[PDB]
There are 2 protein chains.
Amino acid sequence: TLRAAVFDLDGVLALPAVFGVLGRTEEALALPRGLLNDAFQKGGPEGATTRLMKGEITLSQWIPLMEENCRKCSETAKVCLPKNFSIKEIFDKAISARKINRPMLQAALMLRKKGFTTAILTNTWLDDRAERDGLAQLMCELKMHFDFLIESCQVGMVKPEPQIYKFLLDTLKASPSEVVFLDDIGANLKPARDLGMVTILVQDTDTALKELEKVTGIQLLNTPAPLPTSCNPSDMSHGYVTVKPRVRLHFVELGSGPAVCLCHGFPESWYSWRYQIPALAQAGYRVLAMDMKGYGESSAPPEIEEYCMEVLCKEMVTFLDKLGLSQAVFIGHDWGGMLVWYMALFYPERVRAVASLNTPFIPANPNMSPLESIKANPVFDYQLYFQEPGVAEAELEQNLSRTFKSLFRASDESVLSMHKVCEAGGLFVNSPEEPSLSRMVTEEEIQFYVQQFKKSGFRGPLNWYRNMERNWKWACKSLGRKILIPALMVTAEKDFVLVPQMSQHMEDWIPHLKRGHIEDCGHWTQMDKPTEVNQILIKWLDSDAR
Amino acid sequence: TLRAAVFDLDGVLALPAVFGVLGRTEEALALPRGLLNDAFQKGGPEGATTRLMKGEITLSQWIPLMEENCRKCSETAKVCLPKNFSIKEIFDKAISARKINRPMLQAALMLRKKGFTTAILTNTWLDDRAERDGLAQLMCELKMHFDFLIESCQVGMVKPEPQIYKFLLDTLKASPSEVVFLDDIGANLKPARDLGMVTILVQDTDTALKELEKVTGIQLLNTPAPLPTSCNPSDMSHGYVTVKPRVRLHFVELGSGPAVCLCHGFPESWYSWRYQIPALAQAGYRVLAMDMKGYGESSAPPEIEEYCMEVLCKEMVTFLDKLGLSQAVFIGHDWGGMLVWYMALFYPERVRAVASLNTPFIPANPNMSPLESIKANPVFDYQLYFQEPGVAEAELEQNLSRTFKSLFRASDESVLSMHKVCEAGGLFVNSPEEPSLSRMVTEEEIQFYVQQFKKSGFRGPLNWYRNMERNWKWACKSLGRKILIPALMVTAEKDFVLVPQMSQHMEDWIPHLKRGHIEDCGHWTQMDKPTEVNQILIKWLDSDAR
Ligand SMILES: Cn1cc(-c2nc3ccccc3[nH]2)cn1
Ligand SMILES: Cn1cc(-c2nc3ccccc3[nH]2)cn1
Ligand SMILES: [Mg+2]
Ligand SMILES: [Mg+2]
């Protein structure tokens, strides 16, 4: 029956409400109870505040009218306003005080997830204050989670006028009894109730959510911790840069502030960063999430040496040059992890800071050919399988859904060891035709990877493994250096390929290295533990990159 | 005969040279003449400094070796280093002191323009200092103007070793007698001279340029003021955002710092900002240069109302939402100019500051239908011609080269009045079939516009003129407001369509409006007077947007 849910902003989605600060301001300054609220509401439907709320005038133009209203109210109550009484002041403070009410937002998210159409209905203003940006951010963060944001000042109508409800119902393509509306002002609820809408008078958040749960039949209060916001590919800004005549790099771009360039592993995609991208943007960073060379919408030339680390690094530097970035923060996972350590060693001037998930920095051994070094560790046997061009490509392309559903598994779900892969003749020889779906990924998400790898297959990606000698000789040039820029190593407890122990000597070469560790986390760190990853990266970014 | 020109960086392309600061530092601190230079050069080919220059170690690792070298030199000269003697200190200061030597760069530009291959050959270091970014910027600005940048620390070789010259000659695909090399250290010139290269010992810049002029046969000294750096379309980062299901916006993106969104006019392109894009990026801004709806690589739906100002503005706001930008600076020219004033009036929270080239802000007249208002000014008669769908499209698409070559003209070059265009039956009825090429644009640049407009023609662009009534009714809602965010109006003396006088009352609605004025400037402001435009915008950005 209920198909839509509408949330007020002041006092419902954002707290403390500003009338809150009119109450407190009167008290703090020992004025008559309600005086400020009388000034605010003066003239009712024709007063200064309605005109503001309807979009007739801007917030800066209203400020001096509210002043005058405050003078008039005070003279008629036979009191004086204090010296330095400042309307702008009180409001700037009130407006920066309000934050998103997290449990209300998550309840709106959940309802949207079970198929509700959701909206924000608010009396608000055209904000031209010097400090307008703070609310612009808050409104951006809230709005991306809802089907509609309806603002009185954009539509020329105000709660409680009945026209804005008819505008609401009509935007919603729904009938009044299909709608629940939460608001903290009972007068606002009155006309919605008249048309037959369910309404909820919002005082404390938890009781409103209890009413909302009872009315929708959906569990909203005490619900488990939700995943971070993910990314829908067709809502993103997609960027393309030609780094040389045969070679373009594609990236997804979100946010503003210091550039943070995310470099995914094998066999992955920009989309492997879906849970980090909105969080890092939201934390004040300009996120650039690559398709690395070989993948997705970046070019995938066939030649093996197009994928040695030297060339891959030179091309990432060209990518910064063409974009006009003197530096970026480089955060890599897996093969992208190895690449960011090499950016730190050969291009420190271009790297604001470097972080890697899972991939340790281990300096090349100049007395042991890397084929040798590899043969001295059973867990890297599968890399020998990867060498012969064509062999791994045929197995991995043969059925894409099976390939990613077999690879993308949480630590208690595995279906392949990387164990005697050569001996066995393949990576999947002893895994199922139709693997079950991991808890980490939906069917849709697997099909995004499938569709990406239909463009170029596994030649480019596999070629990353096919430059052992060439990478070893280049790495050997760097054996005198240390990494002395800000650096973060994050280990994953249950990555059985890139194990935490392999990172144990890194402080010898990176003396001020910082660390995070994630327990109960397999190799696919970003989608295995997105919440913990976000917290470690954002905290390290804020202290070391900013 | 000469086909290539190679410029040193320290003392040639960048000034003051750092050995300069070793001289000054000794004096300032009353140490023995040359002591610092002795420490620097200690051990010659095997000493700490060569290892740095070859890329064996980073700058941070070298600092404490130079210290020790400074201790050893001082004890052997029987003196004491002062208290707080700081190698890091001296170098940070020396490195931030060096700026681009503008006349050398312009000479390199000119030689490149007459077909020389150009390069920078420098002994430099892997810079991992806290402050590394300053040099990263300087190196970025210099490098984009040259075919190659060869750095000792990236190639593992140093001037004056003869191997780096063989590497030079081989990168240049040239023989030693086809090459001139400028350097401020004679030892560096010695081996180039041995292979038969022309060399120039650089002391004062002007004498080196005189030698370089005499040797190349090209005038380099006292040459007229060059145009700002332009953009080559295939070197840019190209960005794409879907703002709604039928509609994507394309943009070119360069730089980092506060977002600056450039909005071109009719019938134009992101490329109309080619001279502003590198300058504004270079000035510390993140430039986003749009193809506006209707143009170039943005979508061009056919319906007229898809181009009313309301919809166009809503979609620019969606563009910010998807890119994750809470605000941008909006700078418009012509129709893009009108649009940015409307962004300031309806979305002040999303606009950091607003500037317009040529387009004044004139509030709608609510007592006069705009068709009327238009008919009351002979200079806007041509807009009536634009109304009837199809008519102007056929004339303007009929021959694209002629269309842009007729439109894109400097003020003393015109071939069309906008005068009795209806009466005459067309915009070009009395202009030539094959117009001469304006001084403002090359043949190539016209052909970029031609190729852009082959994608969608003139329907979308013309539709911007086809919403007079609809724009008037929307604009009327804003008649109570003023524009109170930071705002810049730039008038063009000889724009005979959007004349300076039409802007004269703007202070009534925008009380703190700032102004620029450009004399001897026609309607195509950005390409007519690129140098002056850049200076006015960058100065207004730095004071008001930053
Ligand atoms: C740098 N590096 C990356 C790997 C690796 N092997 C894999 C095998 C399967 C899936 C992901 C994998 N990632 C090893 N070394
Ligand atoms: C907002 N606005 C733009 C114009 C205009 N007319 C033109 C006629 C020709 C070329 C460019 C032109 N630009 C008038 N008003
Ligand atoms: Mg409220
Ligand atoms: Mg020099």
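Below, read A as the first sequence line, B as the second, and so on, with proteins coming before strands; counting in each chain starts at 1. Counting convention: from 1, in listed order, for ligands and their atoms alike.
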Sort out the contact shell of ligand 1: every protein residue with a heavy-atom distance below 4.0 Å, listed by chain and number.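 The answer is A:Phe266, A:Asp334, A:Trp335, A:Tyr382, A:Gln383, A:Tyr465, A:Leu498, A:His523, A:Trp524, counting any residue whose heavy atom sits under 4.0 Å from ligand 1.
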Check: [X]/[Y] side-chain N/O donor and acceptor closer than 3.5 Å:
X	Y	value
B:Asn101	B:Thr205	yes
B:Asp495	B:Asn358	yes
B:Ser438	B:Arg409	no
A:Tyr449	A:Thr403	no
B:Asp204	B:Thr207	yes
B:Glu395	B:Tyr385	yes

(request) Report yes if some heavy atom in the side chain of A:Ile446 is under 4.5 Å from a heavy atom in the side chain of A:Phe408; otherwise report no. (result)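 They are in contact (side-chain heavy atoms under 4.5 Å apart), so the answer is yes.
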For this session: Determine how many protein N/O/S atoms sit closer than 2.8 Å to the Mg ion (ligand 4), leaving waters out since they are not shown.
Result: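 Atoms of protein N, O or S type lying less than 2.8 Å from the Mg ion (ligand 4) total 3.
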With a 6.0 Å cut-off (strictly less than), is the heavy-atom count around CG of B:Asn37, excluding the residue itself, greater than 12?
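Above 12, so yes.
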key: Option passing side-chain contact (heavy atoms from CB on, under 4.5 Å) with B:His523 (candidates B:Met418, B:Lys494, B:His333)   =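 Single pass found, and it is B:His333.
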